[PDB]
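In order of appearance the chains are A, B, C, D, E, F, G, H and I, and numbering begins at 1 in each one.
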Amino acid sequence: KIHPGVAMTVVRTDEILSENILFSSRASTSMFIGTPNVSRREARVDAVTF
Amino acid sequence: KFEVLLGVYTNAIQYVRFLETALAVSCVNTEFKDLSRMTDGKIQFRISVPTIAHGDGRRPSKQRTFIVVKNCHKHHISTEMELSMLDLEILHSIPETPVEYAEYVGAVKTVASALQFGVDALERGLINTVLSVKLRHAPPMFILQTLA
Amino acid sequence: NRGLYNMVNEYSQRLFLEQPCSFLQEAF
Amino acid sequence: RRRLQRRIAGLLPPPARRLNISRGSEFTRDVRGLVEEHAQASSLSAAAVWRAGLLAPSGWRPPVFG
Amino acid sequence: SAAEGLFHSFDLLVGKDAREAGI
Amino acid sequence: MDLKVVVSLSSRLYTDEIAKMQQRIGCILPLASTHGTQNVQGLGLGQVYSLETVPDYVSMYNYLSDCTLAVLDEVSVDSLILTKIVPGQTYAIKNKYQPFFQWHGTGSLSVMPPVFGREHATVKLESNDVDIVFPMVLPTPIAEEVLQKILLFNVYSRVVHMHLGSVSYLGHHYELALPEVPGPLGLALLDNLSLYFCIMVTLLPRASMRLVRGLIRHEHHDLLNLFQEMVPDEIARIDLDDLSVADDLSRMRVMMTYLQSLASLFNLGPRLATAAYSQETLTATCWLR
Amino acid sequence: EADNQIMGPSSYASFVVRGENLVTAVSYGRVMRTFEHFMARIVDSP
Amino acid sequence: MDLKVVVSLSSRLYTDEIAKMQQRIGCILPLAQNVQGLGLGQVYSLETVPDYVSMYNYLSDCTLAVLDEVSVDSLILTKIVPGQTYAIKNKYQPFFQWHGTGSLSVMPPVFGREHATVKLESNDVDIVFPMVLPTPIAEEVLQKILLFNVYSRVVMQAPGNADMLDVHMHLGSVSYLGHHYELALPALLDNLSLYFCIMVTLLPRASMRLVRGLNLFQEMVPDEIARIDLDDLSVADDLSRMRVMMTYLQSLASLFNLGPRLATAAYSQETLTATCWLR
Amino acid sequence: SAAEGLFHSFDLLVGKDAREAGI
């Protein structure tokens, strides 16, 4: 327990799982939502996948 | 012969919409219905600034209308609906017999259930894209409070 | 430092970030 | 021109199916068209071999030439 | 299970005149 | 394009077998034929890897190279449904293999014979007398050292061997079973390697010996740690020659072609080029390289 | 206190039979009407 | 299918940056979306030692992308698939002619970092594009930089056996299909050279162990200087030597497989592009 | 810009039956 001639300043990161709050004012963005396309992918005899 | 009375428990699932949820306050959402008609990614903003009538200096100035341009982001969500084959075969051949009306109603019920899971998945992807483009363009409070 | 300068002058010219504390390069 | 229109109109990709989730009465007729499309694109008839020629542009690739 | 070989004619809903979920 | 194989059983699959096959959904299975409806006796790797004979992995590598590959999507009574793997489509392959190698680097995968043992991926059907073994899917940096351990056990049977018997990974060490005899085709690959080496030993250069001599006597790299500060005499008697550039340039061109031929020889088994692996969903969007 | 009493049912619930209505088919309009009722209930909540 | 991949540029690009990105618009580049690890620029950074083998393993691991359009904030680029083709161009400042060669090799640029790069002052990254070059030129420059690294480190240790001008006369020029190119020969390429060196040093004892594994047929083909090593060596040392040698042999063979080998059909020298698919 | 040579016949208002502002 002899103190050396230097001084150490120990640095560490700390990962913290926080819980944010999101505000967004009335009519902030504007969405142009279109009618979706449907495409029959799996032409199976057991079950069809659209 | 009635041989057992089995009790099953079907899970109750909340089917959400983008208008029933409450972050539709933030977004004025429209039915464009053909997004290929807008090929230009940039939307022209015509910000018109008003003016205060100063009589003291007599330095009269009309309104300074400046124009910035801003990019329109586009997003593309895709889910799949699993409709079985035999229920679609029941759904095509509409019957007239009152004993096959029950099998038709069962096929309609399971096809409507699979469609409802697909539509609910799309209306849960809309909310996810809206939250993603809200959280992409949201600066932290400790900068925005003193900046704005 | 260029991120701080760009954000502060970008908000000034108007009238993205991975960590809020990362712009202020000081430890606590 | 009539020969050319009759030749182009047959050699055309079929349009993509729409489901208007927003409206009520449009969703029912659109899924009606969906099941009427599957039921004639799957069964043994001439309708399911008529569907294979439209090619719906992964499966077919026009090659390169030297 | 219980329905390892049995058909079912109908079911008994838990007093739900318009709901299909539950026991 | 329907890419879906319905492999049908003759007999009834019991409930524990249904649970054991439902535990393995998304895994690679090699098929016998590429067609729409097949039988179980011929599904998987069991027809080349049987309990009665020795585990020979080199014929299993060429079997996995030749025959098609399929992923397992749906298992039910009397039938289990598979999806083929063609070039031009992106497939979801989940890591359900018992020696767990984490795909953190999103490296290119490799399909292996079950070198780590049969009985963890042996999954057994008591409906019909067949044994479905699932091939090991694992990245190619592990695959090259597993293949070199397979090739080196047969030449180090004569003359510490626990290091060659087990595998090395970042997190863990797993035990992979070695046979006392490799087999006919493993001996054929070792024979081809021996002929390649006994021919290419005379077509080695002379200049790099001067590099390794001056580097041993001068500057120790981390890569120069194997010699334990010692040089043999064969290096010296091939360094009693003078150096030119023309014969070395022709020798390095034939060395380029021979190293390409060795790249052809070592590259055994199918490889899968992963893109956008999800560690939380534990599946990977892959296509055939 | 938001209240001092709550409204609840006065009796035990009864198991209702569903699934065995053997009433005959009315027409094609009946099966098309129940198809439109089931299918358009996806987009109409109330 | 929908294949248009965009990348997120933080700062807007200035005019000279637009010109330098337009100059090499037809070339391909890898991919990691982040503009930080967008290509090979994180191995060619000033952060790491420019090691060839890790660069090659990263280039063979991650996917490639040919870019179509450039803007002040976006970079339109399509990634590579094994299914279909893309039209790519030869926009590399070491110019190698793609006249009629059916194969193109993608390797890290061994002709200097400045020769195939764009340095972005305004942004956070300095991007580089790999060398897309015909495969006999690829194996020839591998020979003439590998042997030049060997014959250079040898005359740095002992300059009494070889000559620097004697190796610089032949090992600085490639000659494929009548075109005569010059090699910018200056560190780099030292780990691959020492890997090859370790391989050809331990390959005598490797060949002896292999011929003793299975007689005078395969023992006649070594010459007398290539045959004699004494039969006394420890078991653990021999096993670790064989394992490390075969590891370096497998890595060196897959490395002299030149990575993602592109194939072309119709090279149009008027417009400097060729129809290119992945093989 | 986008209207560098084009006339415009009309515009499409964002459901605003009495408002002229917005997209």
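The definition used in the following text is that a contact is a pair of C-beta atoms (placed from the backbone, for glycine too) under 8 Å apart; a residue touches a chain by one contact, two chains touch by 3 or more.
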{"item": "Contacts common to subunit D and subunit G (chain labels)", "value": "B"}
{"item": "Longest centre-to-centre distance from subunit E, chain (CA-based)", "value": "H"}
{"item": "F-H or B-G, whichever has more C-beta pairs in contact", "value": "F-H"}
{"item": "Whole-Å gap between the CA centroids of subunit B and subunit I", "value": "24"}
{"item": "Centroid spacing, where centroids are CA-atom means, of subunit B and subunit D in whole angstrom", "value": "27"}
{"item": "Inter-centroid spacing, subunit G versus subunit C (mean Cα positions, whole Å)", "value": "57"}
{"item": "Euclidean distance of C-alpha centroids - subunit F vs subunit G, Å", "value": "60"}
{"item": "Of all residues in subunit A, the ones touching two or more other chains", "value": "30, 33, 35-36, 43-44, 46, 48, 50"}
{"item": "Contacts with 2+ other chains: residues of subunit D", "value": "21-22, 31, 38, 42, 58"}
{"item": "Sequence positions of subunit F contacting 2 or more other chains", "value": "1, 88"}
{"item": "Contact set on subunit D toward subunit B in their complex", "value": "21-22, 31, 35-36, 38-39, 42"}
{"item": "Subunit H residues within the subunit D interface of the complex", "value": "1, 83-85, 265-266, 275"}
{"item": "Complex contact set, residues of subunit G against subunit D", "value": "35-36, 39-40, 42-44"}
{"item": "Partner subunit H, residues of subunit F touching it in the complex", "value": "87-88, 105-108, 144-145, 147-149, 151-152, 154-156, 158-161, 163-164, 187, 190-191, 193-195, 197-202, 204-205, 207-215, 218, 221, 223-224, 226, 228, 232-235, 237-238, 242-243, 245-246, 248-249, 252-253, 256, 259-260, 262-263, 266-267, 273, 275, 287-289"}
{"item": "Subunit A-facing residues of subunit D, complex", "value": "16-22, 34, 37-38, 41-42"}
